[PDB]
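S.K.: Once you've had a glance at the structure underneath, I'll fire off some questions.
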Amino acid sequence: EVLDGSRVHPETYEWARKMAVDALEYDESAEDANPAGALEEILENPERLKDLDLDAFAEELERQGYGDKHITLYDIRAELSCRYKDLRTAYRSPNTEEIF
Amino acid sequence: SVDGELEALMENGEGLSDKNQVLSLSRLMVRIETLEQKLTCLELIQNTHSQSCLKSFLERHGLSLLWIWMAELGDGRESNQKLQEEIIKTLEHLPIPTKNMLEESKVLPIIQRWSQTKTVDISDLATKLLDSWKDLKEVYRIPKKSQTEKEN
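What follows is the structure, encoded as C-alpha cells:
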C-alpha cells in the first residue's frame, strides 16, 4: 500500500506500478512477481527510475485514450525519487534585517 | 543419465502431468545435447496436454531452451528438418500468452529465418507458428531508449 505515502493520486497508481516494474525491467514470467515488490525495490534503488523514455509512455497513454499525461508522469518519477518530498524552502536563520 | 530420466517422464504417456515432472524436464533440457533427447522432449511436450505444465516449461526458460536447441542446428540443414519438425510442433503446442517472451527468448527471428531457408514441411510449420503470437495479451514497455541522462 506504499504509494499512500506519496503524491501519486489513486488515479495514477496503476501507471506508477507500471513505471516501477519497467524501470527495474522486473520479472514478468508469473503473477507471483507482484508490483509491490518492485515498488519497495525501486524505492530503495531510485537511479533505475531515472533512465526511462516516459515521453513515449505518455504517448501510449494518449493512445489508450487518457489525453496528455507528460507532466503527470514526470511527477510520478519525482515521487518515487523521493516520496512526499516536502517542498517548503529550506529553513534558514532570520536575516539581520529580519532580526532588526 | 539424461536419457533414462527423460524416458521415465515418457512412461505415463500423458506428457508432463505435474510441476515436479516439468521441473525435472526443465533440468533435463538444461543437460540435453543429443538429437534423440531433444526429439523426445519435444514429443513429450507435444504429448503434454496439461496447460499449466506447458506454461511452467515456458516459465522455466522453455522458449530459451528451444531457441538454444534451434541455434545448434544452424541457419539451414535438411537432417535438422527432423528436429525442426518436433521443435515447431512443440512451439505450436506451447501456450505463450505474451509477445515480449519471444523477444526475450529470441525464438521468433529463427522461425522467420527458417521459414525463408528452403516429411513435414518446416516452412509450413514455421508459417503456422508466426500468427498465434499476434493475439498476445496487452503489454507495452516504457522504452529505456531515453537520452535524458538519469537526472545526474
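For the record, the sequence lines run as chains M and O. Per the entry's author numbering: the first sequence = residues 1051 to 1150. Per the entry's author numbering: the second sequence = residues 1714 to 1831, 2002 to 2035. Ideal Cβ positions, reconstructed from N, Cα and C, are used throughout, including at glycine.
In the DSSP assignment, the alpha helix (DSSP H) including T1146(M) goes from what residue to what residue?
M.R.: Here the question's residue 1146(M) lines up with position 96 in the first sequence. Following the DSSP letters along the chain, one finds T1146(M) inside the alpha helix (DSSP H) bounded by residues 1146-1149.
S.K.: Terminal residues of the continuous alpha helix (DSSP H) containing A2009(O)?
M.R.: Looking up residue 2009(O) in the second sequence gives position 126. From DSSP, the alpha helix (DSSP H) with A2009(O) extends over 2005-2014.
S.K.: What is the DSSP secondary structure of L1757(O), reduced to helix, strand or coil?
M.R.: Counting from one through the second sequence, the residue named residue 1757(O) turns up at place 44. Correct three-state label for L1757(O): helix.
S.K.: Report whether the distance from the Cβ of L2012(O) to the nearest heavy atom of the ligand NAD is below 6 Å.
M.R.: The model depicted lacks the ligand NAD and carries no ligand whatsoever.
S.K.: Mind listing which residues of the region 1789-1812 of chain O have their C-beta closer than 8 Å to chain M's C-betas, in chain order?
M.R.: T1811
S.K.: If we count Cβ pairs, one from each stretch, closer than 8 Å, do we get three or more for the region 1129-1149 of chain M versus the region 1725-1734 of chain O?
M.R.: Contact fails: fewer than three Cβ-Cβ distances are below 8 Å.
S.K.: So, at 7 Å on beta carbons, what are the nonlocal neighbours of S1818(O) in its own chain, with the 5 sequence-adjacent residues on each side left out?
M.R.: As a working mapping, residue 1818(O) is identified with position 105 in the second sequence. Answer for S1818(O): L1776, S1777, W1780, listed in chain order.
S.K.: Under 8 Å by Cβ, that's how I've got residue 1154(M) and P2026(O) pegged, so tell me the actual separation to the nearest angstrom.
M.R.: With chain M running from 1051 to 1150 in the structure shown, residue 1154(M) is simply not present.
S.K.: Nearest-angstrom Cα distance between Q1764(O) and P1808(O)?
M.R.: As a first step, residue 1764(O) is located in the second sequence; it is residue number 51 there, counting from the start. As a first step, residue 1808(O) is located in the second sequence; it is residue number 95 there, counting from the start. Cα to Cα, the separation comes out at about 7 Å.
S.K.: Determine, for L1053(M), whether the minimum Cβ-Cβ distance to residues of chain O falls below 7 Å.
M.R.: Along the first sequence, one-based indexing puts residue 1053(M) at 3. By this cut-off, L1053(M) is not an interface position.
S.K.: Residues in the same chain with beta-carbon distance under 7 Å from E1091(M), minus the five sequence neighbours each way, listed in chain order, please.
M.R.: Looking up residue 1091(M) in the first sequence gives position 41. Taken in chain order, the residues that qualify are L1074.
S.K.: Let's see if you can read the secondary structure: which residues bound the alpha helix (DSSP H) around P1822(O)?
M.R.: Translated into the one-based positions of the second sequence, residue 1822(O) becomes position 109. 1820-1829 is the span of the alpha helix (DSSP H), which, as asked, contains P1822(O).
S.K.: Between which residues of its own chain and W1827(O) is the CB-CB distance below 7 Å, once the five residues before and five after are set aside?
M.R.: Within the second sequence, the letter at position 114 stands for residue 1827(O). Excluding sequence neighbours, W1827(O) sits near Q1797, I2005, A2009.
S.K.: Using a beta-carbon distance cut-off of less than 9 Å, what residues from the region 2018-2029 of chain O approach chain M?
M.R.: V2022, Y2023, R2024, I2025, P2026, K2027, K2028, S2029
S.K.: Determine, using beta carbons only, whether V1735(O) and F1770(O) come nearer to each other than 7 Å.
M.R.: If you number the second sequence from 1, residue 1735(O) lands on position 22. If you number the second sequence from 1, residue 1770(O) lands on position 57. Yes.
S.K.: Less than 7 Å between the beta carbons of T1803(O) and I1758(O), yes or no?
M.R.: By one-based count along the second sequence, residue 1803(O) stands at place 90. By one-based count along the second sequence, residue 1758(O) stands at place 45. For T1803(O) and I1758(O), yes; Cβs fall inside 7 Å.
S.K.: On the DSSP letters alone, give me the boundaries of the alpha helix (DSSP H) that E2032(O) sits inside.
M.R.: Residue 2032(O) sits at position 149 when you count from the first residue of the second sequence. No alpha helix (DSSP H) contains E2032(O), which DSSP labels as neither H nor E.
S.K.: What's the C-alpha gap between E1749(O) and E1772(O)?
M.R.: Against the second sequence, residue 1749(O) aligns to sequence position 36. Against the second sequence, residue 1772(O) aligns to sequence position 59. Their Cα atoms are separated by approximately 24 Å.
S.K.: Using a 10 Å radius around the Cβ and a threshold of 16 neighbouring Cβ atoms, would you call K1068(M) buried or exposed?
M.R.: As a first step, residue 1068(M) is located in the first sequence; it is residue number 18 there, counting from the start. With 16 or more other Cβ atoms within 10 Å, it is buried.
S.K.: Does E1772(O) get closer than 7 Å to chain M when you measure Cβ to Cβ?
M.R.: Looking up residue 1772(O) in the second sequence gives position 59. Chain M, which has a Cβ nearer than 7 Å to the Cβ of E1772(O), makes this yes.
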